[PDB]
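Before any questions on binding or motion, here is one chain by itself as structure tokens, the form solved without this ligand.
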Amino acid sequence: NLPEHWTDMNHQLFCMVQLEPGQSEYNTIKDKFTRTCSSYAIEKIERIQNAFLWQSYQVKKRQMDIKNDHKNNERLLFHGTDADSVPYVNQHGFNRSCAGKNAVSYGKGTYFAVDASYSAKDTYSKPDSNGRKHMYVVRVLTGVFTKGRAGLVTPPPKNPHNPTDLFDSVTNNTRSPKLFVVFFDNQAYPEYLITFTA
């Protein structure tokens, strides 16, 4: 059930795995980050191996793939957060109940950025006492999306006469999406933690 290239956790449910520079797995994340954050420097990249979060996320992905009748439902996005939140996110993922109000709100949910530069703002990846900034790389089930609105506590219906048949996520702009908001647990898998500095 767990991915075959994960480290053997021998009966453990959770591990953070430090990646090596020069491995394709490290370099792809570094390249994705540096595309918009070349003024910052990466300290380390850790692969998050969380068996329970993976299981629940992969069930939601299978369900969305069935429902939407295509496999274009997942995006790899960024999430900047404070040092105090990292232990919780590593273990329990992204909790909308703990989410900050975004400077431009498209709904009351968890925000994920297309560009690492957005998540790199001190407002999100708050520097800790040692000047370390923290950004997740996240598999997000964006699915079918529409432009959000500040009042949303769930994605809006696709059709106002069928209020329970929802968009999967919302965005700031459907033609040029730069942020996505999700409103349900296990719709986002924290896959890598980037620790970085100025």
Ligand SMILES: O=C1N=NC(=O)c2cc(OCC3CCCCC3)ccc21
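When you see a residue number, it is the position in the sequence shown, counting from 1. Residues that one form lacks are left out of the comparison. Heads up, when I say rigid core I mean the largest set of C-alphas that superpose within 1.5 Å between the two forms.
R75, present in the displayed chain, carries coordinates in each of the other PDB entries compared that cover both sides of it, far from a third leaving it out. Checked against the other entries of this protein, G100 counts as unresolved in at least one third of those spanning it.
Higher mean CA B-factor, judged across 123-131 and 103-111 from the recorded values: 123-131. For the segment pair 186-194 and 9-17, the entry gives 9-17 the higher mean B-factor, averaged over Cα atoms. Looking at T171, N159, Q58, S39, the one whose CA carries the top B-factor in the deposited record is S39. Within the group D165, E43, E46, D69, the record's highest C-alpha temperature factor is found at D69. Residue-level temperature factors show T154 in the highest third of its chain, judged at the C-alpha atom. Among the modelled residues of the chain, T142 sits in the lowest third by CA temperature factor in this PDB entry.
Sort the chain's modelled residues by C-alpha temperature factor and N73 lands in the lowest third, per the entry.
FYI, the form solved in complex with this ligand isn't displayed, but the following is about it.
Classification of the binding site as blocked follows from the superposed pose of this ligand in the entry with it bound: three or more of its atoms fall inside 2.4 Å of backbone or C-beta atoms here. Within 4.5 Å of some heavy atom of this ligand in the entry with it bound lies at least one heavy atom of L179. In the entry with it bound, this ligand stays beyond 4.5 Å of every heavy atom belonging to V89. In the entry with it bound, at least one heavy atom of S105 sits within 4.5 Å of a heavy atom of this ligand. Contact between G93 and this ligand in the entry with it bound is not found at the 4.5 Å heavy atom cutoff. Within 4.5 angstroms of this ligand in the entry with it bound, the stretch 104-122 places a non-hydrogen atom from each of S105, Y106, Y111, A113, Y118, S119, taken in sequence order. 102-104 stands as the sole run between the shown form and the other one where every Cα shifts by 2 Å or more, at least three residues long, with the core as reference frame.
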